[PDB]
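Protein chains in written order, with the authors' numbering: chain u, 2 to 261; chain z, 2 to 125; chain y, 2 to 123, 135 to 200; chain AB, 2 to 154.
Ideal placement from N, C-alpha and C gives every residue a C-beta, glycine not left out.
Input: a single structure, listed below in structure tokens.
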RNA sequence: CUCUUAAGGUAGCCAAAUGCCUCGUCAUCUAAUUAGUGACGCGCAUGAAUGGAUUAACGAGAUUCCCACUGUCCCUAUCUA
RNA sequence: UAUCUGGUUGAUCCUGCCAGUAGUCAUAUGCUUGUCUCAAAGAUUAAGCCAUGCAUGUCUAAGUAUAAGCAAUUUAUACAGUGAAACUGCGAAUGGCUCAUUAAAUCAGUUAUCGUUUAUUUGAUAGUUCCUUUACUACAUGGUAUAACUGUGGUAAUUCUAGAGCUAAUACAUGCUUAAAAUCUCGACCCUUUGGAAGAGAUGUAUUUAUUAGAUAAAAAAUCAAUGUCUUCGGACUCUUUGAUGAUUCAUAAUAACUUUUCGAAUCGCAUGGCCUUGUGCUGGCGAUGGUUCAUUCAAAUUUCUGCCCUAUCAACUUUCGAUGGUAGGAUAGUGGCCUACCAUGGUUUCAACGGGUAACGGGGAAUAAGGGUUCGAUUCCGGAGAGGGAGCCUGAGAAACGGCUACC
RNA sequence: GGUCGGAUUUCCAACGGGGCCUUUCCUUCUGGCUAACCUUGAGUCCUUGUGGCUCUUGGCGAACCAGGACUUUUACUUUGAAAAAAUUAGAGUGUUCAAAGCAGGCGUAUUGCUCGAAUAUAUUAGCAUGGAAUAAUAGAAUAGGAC
RNA sequence: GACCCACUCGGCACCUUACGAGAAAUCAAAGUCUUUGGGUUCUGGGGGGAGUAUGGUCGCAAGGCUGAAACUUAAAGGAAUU
RNA sequence: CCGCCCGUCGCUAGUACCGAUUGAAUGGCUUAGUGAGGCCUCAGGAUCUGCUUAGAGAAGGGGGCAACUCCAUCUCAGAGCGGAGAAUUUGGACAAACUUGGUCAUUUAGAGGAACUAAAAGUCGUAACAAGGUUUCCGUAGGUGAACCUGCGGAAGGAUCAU
RNA sequence: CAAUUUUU
């Protein structure tokens, strides 16, 4: 009613941020975002809680005035600036480069990538269109439209970006044996790479998804996303390798992590 | 305007109050190792209750069920990390057979007693 | 003040639907404008979200369409003769959607006969080859040519007079003028 | 639902902002526009060869079909150009561990090109709101009865 | 149980047109009430076809009140045949 | 974690209550009270009333600075460091609080928006600007019309307010200014008719109207008019041009008009360079604000699909003030009897509608616990309604706001 | 049980799963794939020859796609998708246990190292898929029937 | 044609007996019921107040149908032995 | 059976139920009316303005006898034509609040009337528990001071399962 | 024929 909601408390953002319960307060509310829902995360949640660089709320805002944060070469001194998916939060001095991927335990990641290969994102398309006065364009995760693309690719694939602007390079379709990747939901983002599609013309879309567990499951289309050619992948996957390894031998693996 | 922190009660009084030998059976259990009240044998029996309530639900469920193969095997090791019973009764069905005075036996009152040094549970 | 949603307006079965959430702002219907003729006294209104729109009052000259040529020259008006829904609107000579109006016959004749030179109805060589090549192409229909004779053209405000405020529409052509001469021949 | 110079009553209604060239002797001497419904919904030829206008029609008017689709039977052709539908269904009560038969009726706007009477197990679709009450519209009738096309007495 | 002659107000009803005492009392109407209406009752002296009680429609019958309306009155003036 | 005991009798068996028993994230109360962490609190009845004080303000390298405020010291010798007020922009529409209204209403899940808008967040973004003709004249930069301040005022009064004196712009209004090409209309016409054409001008987007295309199950010909290319010169030759959906009158392009002509940078910061013709010559960095349009995002608004407490000493509710539908409109951010004129008599129901009650906010849950459940949930989280009682309205992107206004009680 | 709370060369019995074939389950027209080589003409490393190969000629179109055309509708039920978290159950965890919480813990403590922050449960409504018993179910009667 | 005998159908009942059932008296149904589910309509939650008050409906009336609450208090009660 | 118990009446008490008051109040629909204020609009055009053009005191002096003739400034002017336009005010649509009737539901006051129920044997009587001394109990009707009695068709919870 | 009361 009556206007937007410039606050939200904790317990209202989901588990994948891993905040505290007994802070007894308001959550970090994300600002208005380029990309997606509050199932994304703002940058301060990535820094002071996952990467653990600070304690105070005055403290994390004081880092950004020194100008070390960077996505895509863009300045973005907003404190609670939201962070999309696979949108590499590169740094200044301290020189790290973090790609936003999903590990095997629900929430996102703390994963470094190298200096080179960090100058490109990876982009889901959602809407290809000819529009005003014959100017073709695509859209992205953030909806960063790109003038004069590769013509007639389609909606629903992935797009390589050149980071001077869009300047798209390579189309990656969907066929009987490629890479696909879940993004969101109860069984978000391990790998299933494909097994066989379907359509369900008219209502919704489903895709059969075959893990390295070598059984299958099915997640709907808005989590479905393609990475690339099979066994290539463009992003070094984090150190869970995308299985959903089962709980009966999750326990047998973690005391074989400690050696006892 | 804040988030709570929970609380819980960790005992339950027995239903029928007055049986002559039953109160004196827990006077044998009072008189064994020097308790101070009647509440702290209610609560391990309460811990006997909802562990045996927890023990009943896997036994009625399926064999070669991984929920039974996880929380039956992790249950019996936590049952023996405190060391109530030894390796001789590690086959997941003696958790039903467990008796009051055995949860009592690994308390720090009667462990200082049994390991010399105190002569008496009241001195312990 | 007057509302538009259905928290009044008795339900399907017929119960007296009891109320809460008294009359809001995001359904408000502004009071009408019931526009007339009389040459550009128009006021605008502030609207929702950051936008602007036109209450036209007292309009008499605006653009039309034939539509067989795509002409659209701002001609004057003379008045309505048969409103398609009700009949009180012609005793005061207003204009709405689909108002059957009559105009002047004059400003399109400067377009028509300068472009063809026939001449209805009874100089350089760059355009001399125009009517000497559109043989029986400019000719429309007999009853329309009879309708030029009284100096009036039956027009139709297809645009909305009070939302966008334009003086806009087209003129009757083809079977539709036979519909507004279904009864309008024998109505008196 | 309308004959006798089908564009009949006091006003004049036509398929909006489409004109035929008012002099050239082209094929049907009209440009009758229709809408492909899709999803296997065989748009019948009664809208293609028809003469009605009916802006509310899903096959020649300004409405698509974009929601869910439902079923049910006809109980009242007593209206003008609309029919109401009684969806019958069972319902589980958790307490007594037993079912119960409930229903509720729903009005549905119908194109005049179809043909619908009692019985007539019908398929309707969700639409944009079109009246005070009618929130749906029909897509196909395609239903027999207790030996229609066959019985005589 | 008993006496004057025989049997000793039952169903009901009331300060009623029937109640002297008496403008009886209580409640209600109004600003005030010897008037009205509803209950009281051991009723000078109510009462069962010398008919007792309750009655829908009606009354040139008698009453009390309310609402509209006006020289009835405040407070009178004038005009006509 | 499935547990029972006493009393109808002279005694016995039994249907069946009362009492006894245990917990309450369930209240009050009596008595008693040492340790330690954790923590609900004027919900129940009167959403009845209020003293008092506080809960919404906002500044940078980078808006508006003559403060007759400062602080200085060299600078900016018009300023540049600050710095009140006050203008401008922005917030105030979140947050918190209560449950009186509220029984298909809100609400839980569950789609839909082809039926819409959205300051802010992002990313793309405007070679035409007036064509009064070339002396309208600033495009090397035009204007008002003013606050704070100063002077004397009024009333006992309130975040009450006057006439006079100048000045600000990112407030406010004008307003040009950096190309080329192609098309269409006209005509200087001569020179011819199957002809050409200097040059008179327009062309950005918005806005509204009207049209056209946006096609594309399978391959060849005869036949009548004009006839592009080329030639043996019977006459012959053409890759002859399509985005998404399930689909559109969709995005779109094109044509002729269109607007009390909407918009298309006359705004500030740090830096000082290159240039060769050292001339107020020509180039050029990194930003900050603000602006149209598209797609997002932040959200709002409608909307389908199911579920509801007690009540038949509630048996037929609904329309001539729309009840149900059609027809056409008026408004609307857009849909719709939302409203209006005409027309049709329709909607729900013995699966309980309608009417009444409800110590009824709706859900995620909580308490007791064999299973099967009964009863609460005003209250921590989500959504709704309200700010003494019903109305109405401005500002603003967002309100029918209430620590905003108007009127009545 | 091979030889390390534990592993096979074929093989034993049971458990359920699928292709079939029995008179026998068979959505179809147009193409691009294909999909078989069951083809076939020849050569056809290594044998005495598609067991390892090709140019591959009717050389089986629909398992990978989208058009023409329909399709007895329901319950029921498996699985998955699915309900914001806390709360419920529930693995780790010296908050000292417990109420809790989500941490911590391991080196080397000379200026680092890593595990975690699980997991289920959540029913009625809707969606998709596997199943065809049980209970409804309608298409052949003046044949206006199927092919 | 009535009867005698044997049989069977459907009746209305009777006698024995219990395996069975229950509180007992008793029962071929009151059986096949904690070894609890063949369908299907209705009725009762202590006794009193009471088939009473108000409300409705059917009657010409007597009255009939539907039908509480306030208050009251431990039995009223069913069967059986002496 | 020196058992049990039934009813009127008496006293002590309590409990709801009705009831004249054209009852009273609160709340919800309602017909008929008055309609505060605010919006959209028809007019109002006060009071602030600028533009242009025809004459001039003063003198501006493109030059000079005056003149001619430059825009004219200190500004009246006589005309147009616009720009913002405040009070005021008609019409239209929202409607707070009020008046008057009727219904619906809840609560509350009432002279007094009959009931019910408890409560030390109070009198008058025995109605029912044995064939309760006239067997008992139903439905209905009549009488009575109270139990009760009687007539009518039943039934045995009977005092006969029996010709 | 008629037989009543005899009292937590």
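Annotation: residue 123(u) is outside any alpha helix (DSSP H); the continuous beta strand (DSSP E) that includes it extends over 123 to 125. Rounded to the nearest angstrom, the gap between the Cα atoms of residue 122(z) and residue 69(z) is 39 Å. At a cut-off of 9 Å between beta-carbon atoms, residue 17(y) makes no contact with chain AB. Residue environment analysis places residue 27(y) among the exposed positions, since fewer than 16 neighbouring C-beta atoms fall within 10 angstroms of its C-beta.
When 91(y), 72(y), 74(y) and 70(y) are compared, the shortest CA-CA separation from residue 81(y) is found for 91(y). Cα atoms of residue 78(y) and residue 105(y): separation of roughly 7 Å, rounded to the nearest angstrom. Following the DSSP letters along the chain, one finds residue 77(AB) in no alpha helix (DSSP H) but inside the beta strand (DSSP E) bounded by residues 74 to 77.
Contact between residue 181(u) and residue 194(u) holds: their C-beta atoms lie close to 6 Å from each other, under 8 Å.
Counted as a single uninterrupted DSSP element, the stretch harbouring residue 134(AB) is not any beta strand (DSSP E), since DSSP gives it neither H nor E. Of all residues in the segment 72 to 85 of chain z, none places a beta-carbon less than 7 Å from a beta-carbon of chain u. Under the Cβ criterion of 9 Å, residue 62(z) is not counted among the residues facing chain u. Taken through DSSP and simplified to helix, strand or coil, residue 101(AB) comes out as strand. Taken through DSSP and simplified to helix, strand or coil, residue 29(y) comes out as coil. Neighbours of residue 40(AB) across chain u, judged by C-beta separation under 8 Å: 202 and 203. When 177(y), 42(y) and 21(y) are compared, the shortest CA-CA separation from residue 55(y) is found for 177(y). Positions of the beta strand (DSSP E) runs, each at least 3 residues long and wholly inside the segment 176 to 207 of chain u, are given as 181 to 183 in order along the chain.
The segment 123 to 134 of chain AB makes no contact with the segment 16 to 25 of chain AB, as fewer than three CB pairs between them are under 8 Å. In this structure, residue 45(u) sits away from residue 123(u), with a CB-CB distance that is not shorter than 9 Å.
Just so you know, the alpha carbons of residue 149(y) and residue 117(y) end up roughly 10 Å apart. DSSP places residue 32(u) in the coil class of the three-state scheme, outside both helix and strand.
When only Cα atoms are considered, residue 159(u) and residue 169(u) end up about 10 Å apart. Identification of chain u residues near residue 6(z) by a Cβ-Cβ cut-off of 7 Å yields 23, ordered along the chain.
About 15 Å separates the CB atoms of residue 101(z) and residue 80(z); that is not less than 8 Å, and the two are not in contact.
No Cβ of chain y is located within less than 9 Å of the beta carbon of residue 153(AB).
Taken in chain order, the whole alpha helix (DSSP H) runs of length 4 or more contained in the segment 27 to 69 of chain z are 43 to 60. With fewer than three CB-CB distances shorter than 8 Å, the segment 88 to 96 of chain AB does not count as touching the segment 39 to 58 of chain AB. Ranked by Cα distance from residue 245(u), the first of 148(u), 256(u) and 212(u) is 212(u). Membership of residue 35(AB) in any alpha helix (DSSP H) is not indicated, and neither H nor E is assigned to it by DSSP.
Taking C-beta separations shorter than 8 Å and ignoring five residues to either side along the sequence, the partners of residue 14(z) in its chain run 43, following chain order.
Under the Cβ criterion (8 Å, minimum of three pairs), the segment 33 to 42 of chain u does not count as touching the segment 53 to 66 of chain u. In the three-state reduction of the DSSP assignment, residue 81(z) falls in the helix class. Across the structure, residue 51(y) and residue 206(u) are spaced so that their CA atoms are roughly 38 Å apart. If the five residues before and after residue 199(y) are omitted, its C-beta is found closer than 7 Å to no C-beta atom of its own chain. Taking a Cβ-Cβ threshold of 7 Å, the residues of chain y close to residue 23(AB) are 69, 185 and 186, in chain order. Going by DSSP, residue 113(z) is part of the alpha helix (DSSP H) stretching over 109 to 115. By the beta-carbon neighbour count (other beta carbons within 10 angstroms, threshold 16), residue 55(z) is exposed.
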